[PDB]
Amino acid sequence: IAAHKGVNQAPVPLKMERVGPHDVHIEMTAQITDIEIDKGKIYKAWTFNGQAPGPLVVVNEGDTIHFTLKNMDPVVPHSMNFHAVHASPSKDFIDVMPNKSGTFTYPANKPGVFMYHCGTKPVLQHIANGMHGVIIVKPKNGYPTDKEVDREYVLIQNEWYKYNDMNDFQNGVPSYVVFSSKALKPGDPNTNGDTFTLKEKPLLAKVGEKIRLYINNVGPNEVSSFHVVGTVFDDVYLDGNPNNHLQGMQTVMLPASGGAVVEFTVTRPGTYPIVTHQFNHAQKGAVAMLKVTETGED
């Protein structure tokens, strides 16, 4: 795209603020930002806020979201589809033109771990170029295991293909499959989908802890066989809905866009890989690490 040559828009922080007991404002950008997806490999990603996947959004069950998208792309329209919400797609998930903003309002009625993404046609192109992310909707009544959880993180799986290549997007294997982590609390890591950061800077935990991961496989195209080496999931809530409660799973099958809340215990000090067990994808980048120490500090 001629108008994207040389464009590298600096990341912009997510803007969120609560405006009522059940109403929140969210503003994001659509912007074109260079991301190092593998060592020496830059992808000029189509992004929300200069991150791919985009910034984490967390709201409460029953919140109405007043969402603004500011399109900084000089030529391509962009939009927003939140899987969390009940909305009219043809009125509320519509395109925002270059250098314009649009505001859309809709409720998040359902607890869970939802994908969000750009919904501009061709949707495959917008997702594959980087316009994906997660919104967590916290259940009003919690999860039955909340009291047992010591530490929690968010992980997202995505693929990367040949740059802006619709033939490859439709017909080719992924070049990379990757994990990223998005921060829930101050001090948590906040990373983009790449083959290396969560290997070189593992997530941290303490011996004996029960860890919760909020996970989503945003695709665009693959399913995920999510597994933590050296443990078994004590409890799994499919899509993060507390009703969808499995126990003692080795591996959680996630569709494309599928989410889960998974919980597991780390019993011994060491480094614990986190994979998709589709090992072709793991080999192409989709391995993160959890470093478990006697203190929980590095």
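Note that residue numbering follows the sequence shown and begins at 1.
Novice: Would you tell me which stretch averages the higher CA B-factor in the PDB entry, 218 to 226 or 195 to 203?
Specialist: That would be 195 to 203.
Novice: For the stretches 126 to 134 and 141 to 149, which has the higher mean C-alpha B-factor as given in the deposited record?
Specialist: Between 141 to 149 and 126 to 134, it is 141 to 149 that shows the higher mean C-alpha B-factor.
Novice: Which of these, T271, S257, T231, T47, has its C-alpha atom at the highest B-factor, as the entry lists it?
Specialist: Comparing C-alpha B-factors across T271, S257, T231, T47, the top value belongs to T271.
Novice: Between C118, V113, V178, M97, which one tops the list for Cα B-factor in this entry?
Specialist: Highest C-alpha B-factor among the listed residues goes to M97.
Novice: With respect to C-alpha B-factor, does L184 fall in the lowest, middle or highest third of the chain as deposited?
Specialist: As the PDB entry reports it, the C-alpha B-factor of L184 lands in the highest third of its chain.
Novice: For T103, does the deposited CA B-factor place it in the lowest, middle or highest third of the chain?
Specialist: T103: CA B-factor falls in the highest third of its chain.
Novice: Should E159 be placed in the lowest, middle or highest third of its chain by the C-alpha B factor in the entry?
Specialist: CA B-factor rank for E159: lowest third.
Novice: Which third of the chain holds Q247 when residues are ordered by C-alpha B factor: lowest, middle or highest?
Specialist: It belongs to the middle third of the chain when residues are ordered by C-alpha B-factor.
Novice: Among the chain's modelled residues, which third holds the C-alpha B-factor of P55?
Specialist: Middle third, going by the recorded CA B-factors of the chain.
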